[PDB]
There are 2 protein chains.
Amino acid sequence: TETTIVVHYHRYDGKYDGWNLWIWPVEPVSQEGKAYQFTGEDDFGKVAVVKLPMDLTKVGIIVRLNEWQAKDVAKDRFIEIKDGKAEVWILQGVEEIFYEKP
Amino acid sequence: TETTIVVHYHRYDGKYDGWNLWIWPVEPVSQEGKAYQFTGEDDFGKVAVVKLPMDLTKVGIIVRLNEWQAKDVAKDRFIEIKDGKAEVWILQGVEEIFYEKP
């Protein structure tokens, strides 16, 4: 299977311009990261559907502003993948990554 | 002026295979990072001479193993540049970045 991560992101300030995800494979292989743009919105906020052409069990993610102008939570965080799928919700300034809608 | 950073790195375990620097412009502009390989050694350890074709006052640096397999100190660290030059010394597991030989 390939991997599909749906990421929901909400900013309390409502100012999303330039915010994007950096995501990199962590397991079973650690690889370079790439930037992914939000392509949609729902009632929670912005939505990105990230597809990687490999079977992963874990990725890293950092929400950054432009090319590392800033980060929304500075430390590396991770997303667990089961059956080539994951879906998470992320809130501005909140370290915890949620696997259901808050 | 362009920017020249000389980085000295020492590992107490002596096992340098796969260790490289990730470095990205931070000031006056934040840009994507790149990986740089050590090209030499001295009595302290490995040596990299990193040239960027722009005038920078600050860069980020992370010492990583392969493609983010691991980091030697996980958090973002930074190097201050004066007159397009800097030279630092970095020790395995030690957060502080030194601007003279320890």
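Keep in mind that the numbers below use all heavy atoms, side chains included, and drop hydrogens, waters and symmetry copies. Every chain is numbered from 1 and lettered A, B, ... according to where its sequence line falls, protein lines coming before strand lines.
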| message | With a 6.0 Å cut-off (strictly less than), is the heavy-atom count around NZ of A:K85, excluding the residue itself, greater than 12? | response | no
| task | Return yes when atom CG of A:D43 has more than 12 non-hydrogen atoms of other residues, nucleotides or ligands closer than 6.0 Å, and no otherwise. | result |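 12 or below, so no.
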| message | Within residues 91-102 of chain A, which residues come under 4.5 Å of chain B, heavy atom to heavy atom? | response |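 Those residues of residues 91-102 of chain A which would need a heavy atom under 4.5 Å from chain B do not exist here.
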| field | Contacts of residues 20-39 of chain A with chain B (heavy atom under 4.5 Å) | value |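 The stretch touches chain B at A:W22, A:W24, A:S30, A:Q31, A:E32, A:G33.
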If hydrophobic clusters are built from ILVMFWY residues whose side chains come within less than 4.5 Å, do [X] and [Y] share one?
{"X": "B:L52", "Y": "B:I61", "answer": "yes"}
{"X": "A:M54", "Y": "A:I79", "answer": "yes"}
{"X": "B:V47", "Y": "B:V63", "answer": "no"}
{"X": "A:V7", "Y": "A:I81", "answer": "yes"}
{"X": "B:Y9", "Y": "B:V73", "answer": "no"}

| By a 4.5 Å heavy-atom criterion (distance strictly below it), what part of B:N66 contacts chain A: side chain, backbone, both, or neither? |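 No part of B:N66 comes within 4.5 Å of chain A.
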